[PDB]
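First, one chain by itself: the form deposited in one PDB entry, in structure tokens.
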């Protein structure tokens, strides 16, 4: 329950989101997350690299953009994107109830006009950051 407790501490202004891995909750941050404000640990970086741009038979990405896992997911309707975000990450980082409110069509957090969704904030330079990340 480390990720949940740490996100709660972020909300209570007792912790900077840059100091936690937003994917798994590890405090062993080794880089800035390339897509969102917040940290990332080296294990999650490796997972992100290995899971990036793998696709299920429905044509959408296999693995949640944030935690690299997921079962029930929100799926981006932008065909140039095709990303998925699991309901657990959305309820944690956007906030309680956000996932079931996000369920037409749906542009994901990387594609929408707004970049701030609760504690989830899209990085300005994310396309170029991905180039450096990969």
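Numbering follows the first chain given and starts at 1.
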- Among the other compared PDB entries, is residue 105 dropped in a third or more? yes
- Item | residue 103 to residue 104: deposited residues without atomic coordinates | 1 to 3
- Item | Of 6-14 and 115-123, the stretch whose C-alpha atoms average the higher B-factor in the entry | 6-14
- 45-53 versus 66-74 - greater average Cα B-factor per the deposited record: 45-53
- For the listed residues 99, 29, 93, 35, which one has the largest C-alpha B-factor as given in the deposited model? 29
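There is another form of this protein, the form deposited with a partner chain bound, and it is not shown here; the text below is about that form.
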- Message: My question is simply whether residue 94 lines the interface with its partner chain in the deposited complex - judged by any non-hydrogen atom within 4.5 Å.
- Response: no
- Do residue 35 and its partner chain share at least one heavy atom pair within 4.5 Å in the deposited complex? no
- Item | Partner contact for residue 70 in the deposited complex: its partner chain, 4.5 angstroms, heavy atom | yes
- Message: Counting only non-hydrogen atoms and a 4.5 Å threshold, tell me whether 18, 130 and 134 all contact its partner chain in the deposited complex.
- Response: no
